[PDB]
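The next block holds one structure in the form of structure tokens; read it before the comments.
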Amino acid sequence: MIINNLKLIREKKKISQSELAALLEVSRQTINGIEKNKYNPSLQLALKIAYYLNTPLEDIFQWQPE
């Protein structure tokens, strides 16, 4: 039903828009893909933020078909 997500990590990190905007050193419009990327964010989507976030993708990776 639900799986771990970097945005949830953001929630865990308690990072607000100003801070997220700080994270957003990558094209935000890429997120706009969420229209169709509403799935758990792709690694490319995840990596850009995950790069900044103190959280390995490996641990983060949700190998869930859902």
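Going by the structure tokens order, chains are called A, B, ..., each with residues numbered from 1, while ligands are numbered from 1 in the order shown.
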Looking only at the backbone, which of the residues in chain A does DSSP tag as alpha helix (DSSP H), as a PyMOL selection string? chain A and resi 6-13+17-23+34-37+43-52+57-60
All residues 12 Å or closer to residue 63 of chain A, only C-alpha atoms, same chain fewer than 6 positions away omitted, as a list in words: residues 3, 4, 5, 40, 41, 42, 43 and 57 of chain A
Got time to write the residues from that selection, N, CA, C and O atoms, as a PDB file, in the first residue's frame?
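Output (part-v8.pdb):
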```
ATOM      1  N   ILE A   3       5.129   2.557   0.699  1.00  0.00           N
ATOM      2  CA  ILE A   3       6.518   2.167   0.859  1.00  0.00           C
ATOM      3  C   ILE A   3       7.354   3.383   1.227  1.00  0.00           C
ATOM      4  O   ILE A   3       6.922   4.521   1.025  1.00  0.00           O
ATOM      5  N   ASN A   4       8.552   3.147   1.736  1.00  0.00           N
ATOM      6  CA  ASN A   4       9.439   4.243   2.097  1.00  0.00           C
ATOM      7  C   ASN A   4       9.731   5.109   0.878  1.00  0.00           C
ATOM      8  O   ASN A   4       9.745   4.620  -0.257  1.00  0.00           O
ATOM      9  N   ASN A   5       9.895   6.397   1.108  1.00  0.00           N
ATOM     10  CA  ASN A   5      10.120   7.351   0.031  1.00  0.00           C
ATOM     11  C   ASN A   5      11.054   8.453   0.493  1.00  0.00           C
ATOM     12  O   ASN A   5      11.024   8.853   1.656  1.00  0.00           O
ATOM     13  N   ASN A  40       6.897   5.395  -6.851  1.00  0.00           N
ATOM     14  CA  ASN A  40       8.014   5.732  -5.983  1.00  0.00           C
ATOM     15  C   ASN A  40       9.082   6.340  -6.876  1.00  0.00           C
ATOM     16  O   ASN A  40       9.258   5.879  -8.008  1.00  0.00           O
ATOM     17  N   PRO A  41       9.635   7.468  -6.505  1.00  0.00           N
ATOM     18  CA  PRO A  41      10.490   8.240  -7.464  1.00  0.00           C
ATOM     19  C   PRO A  41      11.603   7.385  -8.032  1.00  0.00           C
ATOM     20  O   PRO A  41      12.196   6.565  -7.327  1.00  0.00           O
ATOM     21  N   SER A  42      11.879   7.572  -9.309  1.00  0.00           N
ATOM     22  CA  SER A  42      12.905   6.807  -9.973  1.00  0.00           C
ATOM     23  C   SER A  42      14.250   7.121  -9.365  1.00  0.00           C
ATOM     24  O   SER A  42      14.409   8.137  -8.685  1.00  0.00           O
ATOM     25  N   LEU A  43      15.215   6.262  -9.599  1.00  0.00           N
ATOM     26  CA  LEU A  43      16.526   6.456  -9.026  1.00  0.00           C
ATOM     27  C   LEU A  43      17.102   7.764  -9.513  1.00  0.00           C
ATOM     28  O   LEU A  43      17.619   8.545  -8.730  1.00  0.00           O
ATOM     29  N   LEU A  57      21.186   5.076  -1.160  1.00  0.00           N
ATOM     30  CA  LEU A  57      20.117   4.579  -2.006  1.00  0.00           C
ATOM     31  C   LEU A  57      19.880   3.121  -1.705  1.00  0.00           C
ATOM     32  O   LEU A  57      18.754   2.649  -1.720  1.00  0.00           O
TER      33      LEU A  57
END
```
Identify, on the basis of only C-alpha atoms, every residue whose closest approach to segment 16-29 of chain A does not exceed 9 Å; exclude the query and any residue fewer than 2 positions from it along the same chain; express the result as an mmCIF file with C-alpha atoms, in the first residue's frame.
```cif
data_model
loop_
_atom_site.group_PDB
_atom_site.id
_atom_site.type_symbol
_atom_site.label_atom_id
_atom_site.label_comp_id
_atom_site.auth_asym_id
_atom_site.auth_seq_id
_atom_site.Cartn_x
_atom_site.Cartn_y
_atom_site.Cartn_z
ATOM 1 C CA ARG A 10 12.594 14.666 3.745
ATOM 2 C CA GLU A 11 9.807 14.447 6.324
ATOM 3 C CA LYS A 13 14.832 15.171 7.764
ATOM 4 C CA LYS A 14 12.187 17.804 8.525
ATOM 5 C CA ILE A 31 9.950 16.292 -10.233
ATOM 6 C CA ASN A 32 7.101 17.497 -12.467
ATOM 7 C CA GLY A 33 7.462 14.026 -13.961
ATOM 8 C CA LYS A 48 19.464 13.946 -7.346
ATOM 9 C CA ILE A 49 17.871 14.531 -3.946
ATOM 10 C CA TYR A 52 22.149 15.706 -0.922
ATOM 11 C CA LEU A 53 20.281 13.568 1.624
#
```
Residue with the minimum atom-to-atom distance to residue 39 of chain A, picked from A:66, A:9, A:1, A:60 with only C-alpha atoms counted, is A:66
